[PDB]
Amino acid sequence: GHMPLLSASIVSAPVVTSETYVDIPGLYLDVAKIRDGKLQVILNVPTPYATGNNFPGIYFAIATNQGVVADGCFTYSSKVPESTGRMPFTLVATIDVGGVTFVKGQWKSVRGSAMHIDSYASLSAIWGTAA
Amino acid sequence: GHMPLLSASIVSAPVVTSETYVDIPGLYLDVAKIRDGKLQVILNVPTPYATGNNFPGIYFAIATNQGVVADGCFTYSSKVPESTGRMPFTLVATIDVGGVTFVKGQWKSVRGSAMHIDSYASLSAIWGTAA
Amino acid sequence: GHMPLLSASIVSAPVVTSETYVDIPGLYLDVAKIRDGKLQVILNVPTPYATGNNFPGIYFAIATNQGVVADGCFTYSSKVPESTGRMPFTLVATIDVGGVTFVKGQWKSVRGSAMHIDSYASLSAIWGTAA
Ligand SMILES: CC(=O)N[C@@H]1[C@@H](O[C@@H]2O[C@H](CO)[C@H](O)[C@H](O)[C@H]2O[C@@H]2O[C@@H](C)[C@@H](O)[C@@H](O)[C@@H]2O)[C@H](O)[C@@H](CO)O[C@H]1O
Ligand SMILES: CC(=O)N[C@@H]1[C@@H](O[C@@H]2O[C@H](CO)[C@H](O)[C@H](O)[C@H]2O[C@@H]2O[C@@H](C)[C@@H](O)[C@@H](O)[C@@H]2O)[C@H](O)[C@@H](CO)O[C@H]1O
Ligand SMILES: CC(=O)N[C@@H]1[C@@H](O[C@@H]2O[C@H](CO)[C@H](O)[C@H](O)[C@H]2O[C@@H]2O[C@@H](C)[C@@H](O)[C@@H](O)[C@@H]2O)[C@H](O)[C@@H](CO)O[C@H]1O
């Protein structure tokens with residue numbers, strides 16, 4: 001149709017620790033399957049947790065073929081929290097589509113944390129034009 | 001008009017405890033008042049808190065006539081926190097409108113928590129098409 | 001173009017304490033540079049922290065020429081946390097453009113907190129119509 005909404009959602013990912021950004025499997029939009037204008041991209045990870053022994057947390061990024069375009073993180077406020085609580089995370093970025101063929105979510109450990117998704121997470125994009 | 005933006009906002013809700021998803025009163029979009037294509041729905045509860053004595057928290061869901069389409073939660077990282085801090089929460093889901101007549105926000109207790117909204121919260125939807 | 005996506009992003013702001021809402025520098029959309037219909041506005045501050053000695057936190061607002069349209073906050077759950085963890089924050093509001101010429105992000109201290117952004121934050125708007 002004429003006003004594309006793109007969405008990918010997952011409910012889990014294998015638990016991993018990574019020093020560097022690695023794809024969150026399943027959070028991937030094939031944009032080439034839009035060639036001009038803009039995409040407002042939301043990465044929504046509403047119920048993540050991190051396990052670790054040095055102020056755990058998770059960095060998240062939005063990436064295209066051109067690499068990371070935006071990132072951010074949550075961290076706990078204790079070195080070893082009593083419980084690794086669920087720390088809702090959302091990241092919003094707008095990309096110029098004019099060598100972008102895909103958008104994806106990525107994550108990376110804070111201080112060696114293991115990264116946990118065990119429920120709904122999504123990557124969404126709304127197509128628009130420049131002003 | 002030709003590119004509908006839907007929005008509902010509230011500033012409070014009666015405090016309740018619920019084992020199961022119950023509507024957050026006022027976060028409701030009448031979609032039937034769109035019949036094809038997609039809605040990107042955001043549930044934004046930026047300043048909630050939970051009270052309780054067993055690692056309190058709140059689950060939130062986006063639901064249509066067809067039930068819950070996405071959910072997630074925040075939880076505290078202490079069994080009884082010193083203070084029940086404000087834990088911003090956002091949830092994003094894209095729905096195929098092709099027996100959807102309404103979208104609403106819902107919530108449910110984590111471990112018997114009382115659920116508190118006492119400031120701005122919103123439910124938003126942007127209409128688009130399949131790709 | 002015919003379906004404008006507006007975006008502004010920053011990676012830092014001078015650290016300040018404020019009793020009242022002050023602009024977050026750089027999170028500003030010139031809307032007048034749209035005169036009818038709606039804007040869905042997202043303020044995304046994914047990696048803020050607050051420093052303070054009385055349950056620190058940050059309030060955030062979306063404002064237009066007409067003032068604040070929505071706000072919310074995060075707060076820590078300890079009076080003086082062991083570490084001031086990163087507390088992702090998102091705020092979503094829909095505005096009727098019919099004396100709006102700009103949209104901006106603002107912030108304000110919780111209990112005298114110093115306010116910290118030292119990585120990506122964004123303010124985004126998608127143009128639509130009434131239903
Ligand atoms: C409070 C806490 O951290 N509990 C951990 C247990 O996690 C809970 O497990 C039960 C099933 O027995 C439920 O699945 C519950 O949803 C789990 O709690 C959720 O996840 C944890 C990690 C926290 O984020 C909590 O706030 C959230 O509600 C866990 O099964 C055990 C062993 O792995 O550790 C407990 O500390
Ligand atoms: C630190 C704390 O939890 N304070 C609680 C009190 O809540 C504050 O009340 C004052 C008015 O006296 C303000 O309204 C302030 O905004 C309230 O704090 C906010 O809400 C609490 C629940 C926390 O989320 C806090 O971080 C947030 O800023 C509360 O009135 C009393 C009794 O109910 O308990 C205090 O612990
Ligand atoms: C755990 C913690 O709070 N550490 C604080 C230090 O902040 C870390 O500094 C290192 C560089 O040495 C990195 O830049 C790291 O990313 C910083 O941690 C990040 O920011 C702090 C404020 C927390 O939000 C943390 O969770 C987050 O990962 C800081 O440099 C020093 C002195 O200012 O204080 C430490 O407590």
Side-chain angles (χ1 to χ4, degrees), chain A residues 5 7-12 24 26-27 40-49 58 60 62 72 74 85-92 105 117-126, chain B residues 6-10 13 18 20-29 31 38-50 57-64 66-75 86-95 100 102-110 115 117 120-126, chain C residues 40 42-46 70 72 74 87-94 124:
Chain A
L5 296 204
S7 182
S9 72
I10 63 163
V11 299
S12 64
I24 301 170
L27 297 181
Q40 179 194 263
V41 177
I42 304 172
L43 171 59
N44 180 236
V45 189
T47 325
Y49 66 104
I58 305 177
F60 296 91
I62 293 161
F74 75 86
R86 304 309 188 114
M87 297 290 278
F89 181 83
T90 299
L91 184 60
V92 187
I117 292 169
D118 69 357
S119 60
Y120 185 86
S122 67
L123 181 63
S124 310
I126 293 182
Chain B
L6 303 182
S7 182
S9 72
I10 63 163
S18 182
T20 51
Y21 278 117
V22 285
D23 298 350
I24 301 170
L27 297 181
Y28 180 98
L29 306 174
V31 173
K38 285 140 143 253
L39 286 168
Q40 179 194 263
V41 177
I42 304 172
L43 171 59
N44 180 236
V45 189
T47 325
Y49 66 104
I58 305 177
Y59 275 100
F60 296 91
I62 293 161
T64 67
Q66 302 187 308
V68 170
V69 301
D71 69 344
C73 79
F74 75 86
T75 56
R86 304 309 188 114
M87 297 290 278
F89 181 83
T90 299
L91 184 60
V92 187
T94 302
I95 57 158
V100 168
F102 65 79
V103 185
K104 58 189 178 164
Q106 306 193 298
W107 59 357
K108 167 177 77 169
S109 291
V110 180
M115 305 187 285
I117 292 169
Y120 185 86
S122 67
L123 181 63
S124 310
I126 293 182
Chain C
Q40 179 194 263
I42 304 172
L43 171 59
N44 180 236
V45 189
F74 75 86
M87 297 290 278
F89 181 83
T90 299
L91 184 60
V92 187
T94 302
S124 310

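All values below come from the heavy atoms of this structure, side chains included, with hydrogens, waters and symmetry mates left out. Note on naming: letters A, B, ... go to the chains in the order of the sequence lines (proteins, then strands), and numbering restarts at 1 for each one.
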| field | Minimum heavy-atom distance between A:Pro48 and A:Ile58, given as atom pair plus value | value | CB-CD1, 4.3 Å
| query | With distance as the sole test, does B:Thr75 use its side chain to make a donor-acceptor pair with the main-chain N or O of B:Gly57 at under 3.5 Å? | reply | no
| field | Heavy-atom side-chain proximity of B:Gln106 to B:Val68 below 4.5 angstrom | value | yes
| said: Please give me the minimum heavy-atom distance between A:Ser119 and A:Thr47, naming the atom from each residue. | reply: OG-CB, 3.5 Å
| Pairwise side-chain contact, B:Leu39 with B:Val31, heavy-atom cut-off 4.5 Å (strictly under) | yes
| request: Only counting residues at least two apart or in another chain, list the ones meeting salt bridge (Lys or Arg N to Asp or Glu O under 4.0 Å) with B:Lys104. | output: B:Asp23
| query | Roughly how far, to the nearest 0.5 Å, is OG of A:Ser122 from CG of A:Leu43? | reply | 7.5 Å
| said: Is it the case that the side chain of B:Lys38 and the backbone of B:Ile95 share a donor-acceptor pair, with hydrogens and angles ignored and the cut-off at 3.5 Å? | reply: no
| field | Heavy-atom check, side chain of A:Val45 versus side chain of A:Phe60, under 4.5 Å | value | yes
| Does a side-chain heavy-atom distance below 4.5 Å link B:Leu91 with B:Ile42? | no
| task | Search all heavy atoms of C:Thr94 against all heavy atoms of B:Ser124 and return the closest pair with its distance. | result | OG1-OG, 4.2 Å
| request: Would you give the length of the straight line joining atom CG of A:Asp118 to atom OH of A:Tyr49, rounded to the nearest 0.5 angstrom? | output: 5.5 Å
| query | Just how far is it from atom OG of B:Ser7 to atom CG of B:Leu29, taken to the nearest 0.5 Å? | reply | 7.0 Å
| task | For residues B:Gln40 and A:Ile126, determine if any side-chain heavy atom of one lies less than 4.5 Å from a side-chain heavy atom of the other. | result | yes
| Criterion side chain to side chain contact (heavy atoms under 4.5 Å, CB included) against B:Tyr59, the qualifying member of B:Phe74, B:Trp107, B:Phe89, B:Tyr21 | B:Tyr21
| query | side chain to side chain donor-acceptor pair (under 3.5 Å) with B:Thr90: which residues, sequence neighbours excluded? | reply | B:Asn44
| field | Closest non-hydrogen atom pair, C:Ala93 against C:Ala70 | value | CB-CB, 3.7 Å
| task | Calculate, to the nearest 0.5 Å, the distance between atoms CD1 and CG belonging to A:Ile62 and A:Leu123 respectively. | result | 6.5 Å
| field | pair B:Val92-B:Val41: side-chain heavy atoms closer than 4.5 Å | value | no
| query | Got A:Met87 and B:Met87 here, is their nearest side-chain heavy-atom distance under 4.5 Å? | reply | yes
| message | Could you tell me if the side chain of B:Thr64 sits less than 4.5 Å from the side chain of B:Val69, heavy atoms only? | response | yes
